[PDB]
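FYI the Cβ positions are ideal-geometry reconstructions off the backbone, even for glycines, and counts take in every protein chain you see. What is reported rests on the model, the rules as stated and the sources as named; no laboratory read-out is quoted.
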There are 2 protein chains.
Amino acid sequence: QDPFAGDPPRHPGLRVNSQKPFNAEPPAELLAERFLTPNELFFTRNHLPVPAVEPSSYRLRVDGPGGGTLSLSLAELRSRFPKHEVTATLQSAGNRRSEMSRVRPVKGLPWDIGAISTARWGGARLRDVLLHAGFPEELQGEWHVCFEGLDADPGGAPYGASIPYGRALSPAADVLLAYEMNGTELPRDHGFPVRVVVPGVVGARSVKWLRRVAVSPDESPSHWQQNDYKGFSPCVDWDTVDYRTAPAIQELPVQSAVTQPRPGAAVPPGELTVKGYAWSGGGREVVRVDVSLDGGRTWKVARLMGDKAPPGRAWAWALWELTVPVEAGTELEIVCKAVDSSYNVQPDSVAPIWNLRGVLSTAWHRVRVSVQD
Amino acid sequence: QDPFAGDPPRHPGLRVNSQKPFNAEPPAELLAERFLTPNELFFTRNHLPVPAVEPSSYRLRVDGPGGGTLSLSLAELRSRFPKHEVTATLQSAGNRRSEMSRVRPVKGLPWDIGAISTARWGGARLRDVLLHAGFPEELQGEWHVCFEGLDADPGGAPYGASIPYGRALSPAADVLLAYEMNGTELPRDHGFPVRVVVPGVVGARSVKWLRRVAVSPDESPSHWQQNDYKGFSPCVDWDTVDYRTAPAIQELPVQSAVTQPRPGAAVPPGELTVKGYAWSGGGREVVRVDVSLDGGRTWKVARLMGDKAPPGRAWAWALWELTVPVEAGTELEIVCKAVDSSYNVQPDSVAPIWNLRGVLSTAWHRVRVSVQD
Ligand SMILES: Nc1nc2c(c(=O)[nH]1)N[C@H]1C(S)=C(S)[C@@H](COP(=O)(O)O)O[C@H]1N2
Ligand SMILES: Nc1nc2c(c(=O)[nH]1)N[C@H]1C(S)=C(S)[C@@H](COP(=O)(O)O)O[C@H]1N2
Ligand SMILES: O=S([O-])[O-]
Ligand SMILES: O=S([O-])[O-]
Ligand code: MOM
Ligand code: MOM
């Protein structure tokens, strides 16, 4: 019967948008409590039943340059390659989808602002694993590294995704084959025993339950690389959608949201502490977060907290707070917007960035609250 | 007397915002006529009098790793290093400044939409020149490559700027010491005999009339790297400005403007061809340009023309056109917005991105025209 009966159990407090397959986000109240999202609260995005993997008999398959196959046990992956730790934010393409649906309904999981989490990942460098397999530093022309998961649909197609070969081999890009998450082994929901982590790139490419790495002249031929996770114009309908026309999403644009306080809340007069997160793709650092209480007319600069990465390697979000005076018996529209190190900014409104898939939702986050007497 | 008497003569048709020092842009009607901006129309940004350089006695000074100096004539730079051609768009930080001034006056040259041009640059790779000087591929920690121009103020401080060491040494980043522009020698206004060209980065760093390259633990100590060309919050005043707080601008965000038709124009009924440019920093390709005639309510996808670069090396703008039906006796608000390969977008309005320096002006360009009876 149930194809999902072997799924792991989860922490009780989550905002679950789908039980089967399991897709949940942490309550926004907890999301920015901590710089590293605890493993139990880390948002979970599963397309399929969670694989049950016996650790000893697991083998990761890596296709070598000549068409032969290298085969790696969990123990080999731990012992043969220097462990590297990378703190990276994973964000779903559809984070903040629900705000986009308010304009015009979209297809997809109705994510609120918490389809984003941060962990310290430990594992083998993908670069080292490929050099070990025999691949050079540089292949000429345009190449991609395909990943397949152990999870498959009833008809047998695995979850798959790819990244450009150059990113796979770059020391600076920090692409990991991770077996470790916030210092413990990878939880089942997060890809036990091995997942790719692609810093600075949409979560879709961080393939969980990794069963194969292949180098190819093209992208992953899988449905989710070729006919999904792509952004379109505000005009594109379902009968006119053309996935050949847009690039697969890799790097994500600058993003931010307010996590404290929550919409509709009553706040005590005097002082309010507004908190949130901000993040940008491509290793671009968040350099500023502006916060408004008057719906986006005046702004003040927030305080930023982060782990100060080297230029071009800002893989982790910035958490932000602003403590500001609030008067008895007023309504506030709390708004936040972030600015990255290439000075990309977030757009004012959602309607002009609307799309049928509900991805890439990065317009200013607005939270309407009231102050008591 | 005149410190500017030796300045070169210019093409008569330019939009000159300053004669002394000379700062001009091409008429918007010509700007997107051609993919490569002709040398005579290429926008010109001079802080200072244009140096008069005798080609034979010119020497470029490169400080080696140990504190000695390498000295290179124009002939050596041409003969010792394989010439590399790079097609790159230079854009001023203050492009479209005048739209920002409409909200609240700013300090700076009142650029309209044409402080941007594209040329094929030929010259020595900066990377090769540094390897020749003895520098390694990688220095540990945070390093910068400083550039000084031959132009100096009356008190002797030269124009200077820097870029990160990693960009200087990257094969993929295409940083050139150029002596060639659209197939002819560099014109005086554009840096004869040698300029840096830093693809994907604000024009400020493409130091003209190059007289020195130095490698240093810090950025260029010059006024224009440390106390200018930095973006601030919509709230920052002149008495509260703090240049220690923001990153020097390097990569620029996604940008676009409508060049045809021009504001206020009358257009014949039936069909109108709207044209423009779009571009993004950091080698990020423009993947889509949306165009509106109704002030930003509905949109249609424009046709893109470009030189199809490898991923991450889209140094040149995209020109765009959309041919669309126009009805007798209506007013149109023509609006354009572009989307890059990291899916960064342009914000709706200018007020929320306002700053006292008038830089980073990338809100949607809006052109109001009428159609005749
Ligand atoms: N094998 C496999 N890997 C996968 C997925 C999946 O369904 N199967 N989901 C992808 C998507 S869409 C996202 S957003 C991230 C979510 O990872 P998390 O569950 O650790 O947050 O995993 C990616 N990797
Ligand atoms: N030596 C020198 N280099 C310089 C400048 C200058 O004043 N002196 N202006 C800088 C700025 S601000 C810009 S935008 C570009 C403009 O180059 P162009 O004149 O070729 O367009 O040159 C840069 N390089
Ligand atoms: O998260 S999915 O629905 O794009
Ligand atoms: O162009 S200047 O005035 O920033
Ligand atoms: O759907 Mo995955 O990018 O959340
Ligand atoms: O001022 Mo230079 O970036 O135009």
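Given the options B:263, B:253, name the one that is buried (at least 22 other Cβ atoms within 10 Å of the Cβ) and part of a loop (DSSP other than H, G, I, E, B).
B:253
So if I check each of A:193, A:253, A:221, which one is in contact with a helix residue (DSSP H, G or I) (Cβ under 6 Å, 6 or more places away or on another chain) and in contact (Cβ under 8 Å) with a residue 40 or more places away in the chain?
A:193
What single numbered condition from (1) over 30 Å from residue A:256 (Cβ atoms); (2) in a strand (DSSP E or B); (3) touching a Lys or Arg at 6+ places or on another chain (Cβ under 6 Å) fails to hold for residue A:50?
Evaluating residue A:50 over (1) over 30 Å from residue A:256 (Cβ atoms); (2) in a strand (DSSP E or B); (3) touching a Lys or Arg at 6+ places or on another chain (Cβ under 6 Å) leaves (2) as the failure.
Does residue B:290 satisfy the criteria of being more than 8 Å from chain A (Cβ to nearest Cβ), closer than 17 Å to residue A:352 by Cβ and not basic (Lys, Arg)?
no
Restricting to the stretch A:20-34, count the residues that are surrounded by fewer than 17 Cβ atoms within 10 Å (Cβ to Cβ) and in a loop (DSSP other than H, G, I, E, B).
Of the residues in the stretch A:20-34, 4 are surrounded by fewer than 17 Cβ atoms within 10 Å (Cβ to Cβ) and in a loop (DSSP other than H, G, I, E, B).
All but one of (1) within 14 Å of the chain's Cα centre (by Cα); (2) outside the structural domain of residue A:146 (by CATH) hold for residue A:261; which doesn't?
Only one criterion in (1) within 14 Å of the chain's Cα centre (by Cα); (2) outside the structural domain of residue A:146 (by CATH) is unmet by residue A:261, namely (1).
From the set of residues in the stretch B:222-236 that are in a loop (DSSP other than H, G, I, E, B) and more than 13 Å from chain A (Cβ to nearest Cβ), which is surrounded by the most Cβ atoms within 10 Å (Cβ to Cβ)?
Checked the stretch B:222-236; the qualifying residue surrounded by the most Cβ atoms within 10 Å (Cβ to Cβ) is B:222.
Let me confirm something: among A:195, A:188, which residue is more than 16 Å from ligand 5 (Cβ to nearest atom) and either buried (at least 17 other Cβ atoms within 10 Å of the Cβ) or more than 20 Å from the chain's Cα centre (by Cα) (or both)?
Answer to the selection: A:188.
Just a yes or no: is a residue in the stretch B:73-95 among the charged types (D, E, K, R), within 14 Å of chain A (Cβ to nearest Cβ) and away from ligand 6 (no atom under 16 Å from the Cβ)?
Looking for residues that are among the charged types (D, E, K, R), within 14 Å of chain A (Cβ to nearest Cβ) and away from ligand 6 (no atom under 16 Å from the Cβ), one finds none in the stretch B:73-95, hence no.
Test residue A:279 against the stated conditions and say whether it is over 21 Å from residue A:27 (Cβ atoms), crowded, with 24+ Cβ neighbours inside 10 Å and more than 12 Å from every other protein chain (Cβ to nearest Cβ).
no
If I filter the stretch A:57-69 for residues that are more than 16 Å from ligand 5 (Cβ to nearest atom), charged (D, E, K, R) and closer than 22 Å to residue A:248 by Cβ, do I get at least one hit?
yes
Could you check the stretch B:90-110 and list, in sequence order, the residues that are under 22 Å from residue B:208 (Cβ atoms), crowded, with 24+ Cβ neighbours inside 10 Å and of a type in the set (A, V, I, L, M, F, W, C)?
B:90, B:93
Taking strands (runs of 3 or more DSSP E) that fall entirely within the stretch B:63-140, which contain at least 3 residues that are touching a residue at least 40 places away in the same chain (Cβ under 8 Å), closer than 21 Å to residue B:27 by Cβ and out of contact with any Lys or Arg (no Cβ under 7 Å at 6 or more places or on another chain)?
So the answer is B:84-91, B:116-125.
Taking the criterion of being touching a strand residue (DSSP E or B) at 6+ places or on another chain (Cβ under 8 Å), among the acidic types (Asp, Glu) and within 15 Å of ligand 1 (Cβ to nearest atom), would at least one residue in the stretch A:27-47 satisfy it?
No; the residues of the stretch A:27-47 include none that is touching a strand residue (DSSP E or B) at 6+ places or on another chain (Cβ under 8 Å), among the acidic types (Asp, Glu) and within 15 Å of ligand 1 (Cβ to nearest atom).
Just to be sure before I move on: is residue B:63 within 18 Å of residue B:202 (Cα to Cα) and surrounded by fewer than 19 Cβ atoms within 10 Å (Cβ to Cβ) in the structure I sent?
The answer is no for residue B:63.
Answer with yes or no whether residue A:161 is closer than 22 Å to residue A:224 by Cβ and part of a strand (DSSP E or B).
Criteria met by residue A:161.
Please list, ordered by first then second residue, the pairs with beta carbon atoms under 6 Å, 6 or more apart or interchain, first in the stretch A:23-48 and farther than 16 Å from residue A:120 by Cβ and touching a residue at least 60 places away in the same chain (Cβ under 8 Å), second within 16 Å of ligand 2 (Cβ to nearest atom) and among the polar types (S, T, N, Q).
none
From the list A:210, A:272, exactly one residue is assigned by CATH to the domain that holds residue A:56 and of a type in the set (A, V, I, L, M, F, W, C). Which is it?
A:210
Just to be sure I understand the filter: pairs with C-beta atoms under 6 Å, separated by 6 or more residues or on different chains, first member in the stretch B:337-360 and on the phi > 0 side of the Ramachandran plot and within 16 Å of ligand 6 (Cβ to nearest atom), second member of a type in the set (A, V, I, L, M) and not in a loop (DSSP other than H, G, I, E, B). Which pairs pass?
Sorted first by the residue in the stretch B:337-360, then by its partner, the pairs are B:358/B:100.
Can you list residue pairs whose Cβ atoms sit under 9 Å apart, with the first residue in the stretch A:1-12 being over 14 Å from residue A:43 (Cα atoms) and the second being exposed (fewer than 10 other Cβ atoms within 10 Å of the Cβ)? Count only pairs 6 or more apart in sequence or on different chains.
These pairs meet every condition: A:3/A:154.
Quick one: is residue A:300 more than 10 Å from chain B (Cβ to nearest Cβ), surrounded by fewer than 18 Cβ atoms within 10 Å (Cβ to Cβ), without any contact (Cβ under 8 Å) to a residue 60 or more places away in the chain and not hydroxyl-bearing (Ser, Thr, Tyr)?
The answer is no for residue A:300.
Tell me, which residue of the stretch A:1-19 that is among the charged types (D, E, K, R) and surrounded by 12 or more Cβ atoms within 10 Å (Cβ to Cβ) is farthest from the chain's Cα centre (by Cα)?
That would be A:7.
Identify all residues within the stretch B:188-220 that are within 12 Å of ligand 2 (Cβ to nearest atom), over 16 Å from residue B:44 (Cβ atoms) and away from every other protein chain (no Cβ under 14 Å); write none if there are none.
B:194, B:196, B:210, B:211, B:212, B:220
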